[PDB]
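K.L.:
Have a look at this one.
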Amino acid sequence: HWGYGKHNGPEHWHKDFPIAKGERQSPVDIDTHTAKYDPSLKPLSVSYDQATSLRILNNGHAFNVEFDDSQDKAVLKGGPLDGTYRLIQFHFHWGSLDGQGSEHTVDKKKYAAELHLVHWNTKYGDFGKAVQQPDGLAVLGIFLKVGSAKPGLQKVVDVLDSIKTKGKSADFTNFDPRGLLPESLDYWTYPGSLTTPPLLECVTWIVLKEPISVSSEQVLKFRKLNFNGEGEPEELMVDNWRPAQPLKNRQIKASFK
């Protein structure tokens, strides 16, 4: 029964998921004055030309755009990563107000939302095995600010009415995630965790420095989703973000000067 509400929010998660107080929890604040350039980081390689989206699902805490991950169709390599990581899904976190919504922060700045493109290390064969490994996942995180619309997001926005409530899914084929990327692939990276229960410490985070812009209208449509199932009391799906967790014995590295 975890969530983002008054009585079940992030500050309660530790009771059912004790790793919430672990050594490598995410998100974190990215301090641009202490993150150090690492010249031995490589450019990231984002290879999404063959991506096959299938479906969009409201899971009661966000919505996931799901991909066919049964072949190397959409993969992330390079950067800090060794080997090949396959795209499985993306989802967002967002706020009730434009001054909040992101999970990572930059010098304590909160963005309006954050996109997570989740990839698993093919050496482990499937997602469920991957999340049990320290290097099982690579999550590409991208900040969203409100300004000009992002054309490449509109097809996502378009479909939200069809998945208003928890447990609803809709076919969502032929969506191109390249339309969600900023111009630059400059990034910060650090070891951490999933940001929802089970909070497993299996993630190499790759957080892009450049945000994407989305429009007010686009964000407003995200805020019409519901946490609840159909025929239950409406509770708007907003503020579905975990706050920054202690960095502990970690360093954030930058791919850029």
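All residue numbers here begin at 1 and follow the chain in the order shown.
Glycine too: its Cβ is placed from the backbone N, Cα and C atoms.
Heads up, here are the entries from Swiss-Prot:
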type	residues	note
ACT_SITE	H61	active site, proton donor/acceptor
BINDING	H91, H93, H116	Zn(2+) binding site
BINDING	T195, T196	substrate binding site
MOD_RES	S162	phosphoserine
MOD_RES	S169	phosphoserine
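Show me how these features fit into the shown structure, please.
P.N.:
Listed in sequence order, the residues of the same chain lying 6 or more apart from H61 (active site, proton donor/acceptor) and placing their CB within less than 8 Å of its CB are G3, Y4, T196, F227, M237, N240. In the three-state DSSP scheme, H61 (active site, proton donor/acceptor) is classed as coil.
Cβ neighbours of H91 (Zn(2+) binding site) (same chain, under 8 Å, six or more residues apart in sequence): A62, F63, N64, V65, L115, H116, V118. Under the three-state DSSP scheme, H91 (Zn(2+) binding site) falls in the strand class.
Take the CB of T196 (substrate binding site) and look out to 10 A: across all protein chains shown you find 22 other CB atoms.
In the structure as shown, the Cβ atom of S162 (phosphoserine) sits within 10 Å of 13 other Cβ atoms.
Within 10 Å of the Cβ of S169 (phosphoserine) there are 16 other Cβ atoms, across all protein chains.
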K.L.:
Other than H91, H93, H116, which residues of the chain come within 8 Å of the Zn(2+) site, judged by Cβ distance to the Cβ centroid of those residues?
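P.N.:
For the Zn(2+) site the neighbour list reads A62, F90, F92, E103, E114, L115, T195.
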K.L.:
Determine, using Cα-Cα distances only, which of these recorded positions is closest to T195 (substrate binding site): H93, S162, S169.
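P.N.:
Its closest listed neighbour, by Cα, is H93.
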K.L.:
According to DSSP, folded down to helix, strand and coil, what is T196 (substrate binding site)?
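P.N.:
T196 (substrate binding site) sits in coil per DSSP, no helix or strand.
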K.L.:
Report, as a single number, how many Cβ atoms besides its own are within 10 Å of the Cβ of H116 (Zn(2+) binding site).
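P.N.:
Excluding its own Cβ, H116 (Zn(2+) binding site) sees 25 Cβ atoms within 10 Å.
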